[PDB]
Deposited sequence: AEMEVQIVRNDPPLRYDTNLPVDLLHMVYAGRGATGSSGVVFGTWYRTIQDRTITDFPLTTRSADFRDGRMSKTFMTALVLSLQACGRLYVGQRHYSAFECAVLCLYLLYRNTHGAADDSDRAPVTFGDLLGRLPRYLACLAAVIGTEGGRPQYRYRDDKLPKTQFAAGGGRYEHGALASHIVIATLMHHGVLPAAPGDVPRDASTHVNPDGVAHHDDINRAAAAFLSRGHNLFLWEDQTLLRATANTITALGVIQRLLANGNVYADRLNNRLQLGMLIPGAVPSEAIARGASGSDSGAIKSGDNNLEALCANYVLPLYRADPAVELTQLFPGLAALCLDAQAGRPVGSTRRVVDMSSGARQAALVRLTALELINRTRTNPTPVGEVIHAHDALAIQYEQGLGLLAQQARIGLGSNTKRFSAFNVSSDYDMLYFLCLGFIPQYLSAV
């Protein structure tokens, strides 16, 4: 059972074994331009992370090949796995993913505000764009400062998860997404703070669309609620980044050239207008997100879109010696988890790994909030920004989001 997905309408589907970016890396490094007077590069951002990884965790040199100042395949593999791990929930017994919860919440919000009726979870995934547009309209772009952040003063400092299923009272309540879901009857009122659930529409929808016979009371599993609000926030950002994208622009303006990367393995269709709506997103949901979800219903947003994680991390600043504002220092969390991934490939206390993973999840969340707050995060208004990630076209953006990088033979 091989996986097959389609990232962009004009391109051929992509068939592979288990993890798309990892498999693609195997292909680009087994190819021509990956040796001799030619090498595989991924952009300045990735160069900075690799340099920083070598400097701060020298032992990684014993697990990867950094000769000729080239970009290491083992390094990029560990890095993509870390990006994919950003939004993963390892600790905690649960029967639903943050992604499934996010889909059910968006569905309910749409039903409660806006509104052929969806019958399966699959139906819901297909209609994600309209739910996302609804969320966007409901939130608004006025009032000034939609707050996509929690009350950090009320949340743990070095752990992501809520110890016993609950964070300090009011820790989550103020995030715009959560306040919106409560305002519109999707999420019940928060538990009180003073010494089965027929009124929980989310649990009900979960029962109906997934029928797993397990209760889903988000206020009782607040780690999952926090992850759910983050996933919703991330989907809104993806929708924004892909809005009105022209994936048919001049092919020669794409940093990504599948033809050069995998030599050989490679109109009149009223696809739509150039100033597309959420058409590309619509297609992604149907031909990328859905097939991946069915193959693995526990999958989370960052696993689907490691590129989104990278953009989010790049947006945050990190957590008489030195005031380091360098990209490398800002990504210290990413670097550490990546280095740990690398070094273990050669038995790091699971607790140390959990600590490193939690610190990254925390910075991802912080960066995601900053990105969600920005008025203009589109490719146009951030050309140099995306350039550091080897993205220059809307075509590139789509692949970047799913892969976590854009390879090019240099």
Deposited residues absent from the coordinates (by C-alpha): 116 to 121, 202 to 212, 284 to 292, 346 to 350, 378 to 380, 445 to 447
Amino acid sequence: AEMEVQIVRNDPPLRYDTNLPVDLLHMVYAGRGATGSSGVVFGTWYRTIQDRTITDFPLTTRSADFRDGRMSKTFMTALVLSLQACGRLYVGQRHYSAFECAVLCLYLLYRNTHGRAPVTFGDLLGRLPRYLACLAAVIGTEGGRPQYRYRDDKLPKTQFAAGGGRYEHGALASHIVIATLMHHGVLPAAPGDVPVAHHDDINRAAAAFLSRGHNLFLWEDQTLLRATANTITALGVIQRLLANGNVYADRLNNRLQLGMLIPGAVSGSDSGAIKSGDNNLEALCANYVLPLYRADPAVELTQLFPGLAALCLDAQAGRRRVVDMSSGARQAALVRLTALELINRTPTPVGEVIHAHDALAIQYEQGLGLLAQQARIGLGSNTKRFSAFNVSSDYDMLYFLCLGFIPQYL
From here on, numbers count along this sequence of modelled residues.
Entry-level comparison of average CA B-factors, 365 to 373 and 22 to 30, reporting the higher stretch: 22 to 30
State which stretch shows the higher mean Cα B factor in the entry: 242 to 250 or 224 to 232. 242 to 250
For the CA B factor values reported in this entry, which option in 172, 91, 335, 134 has the top one? 91
Binned into thirds over the chain's modelled residues, the C-alpha B-factor of residue 328 lands in the middle
Could you tell me which third, lowest, middle or highest, the C-alpha B-factor of residue 5 occupies within its chain? middle
Ranked against its chain, the third holding the CA B-factor of residue 126: middle
Of the three thirds of its chain by CA temperature factor, lowest, middle or highest, which one includes residue 343? highest
Compared with the other modelled residues in the chain, in which third is the CA B-factor of residue 47? middle
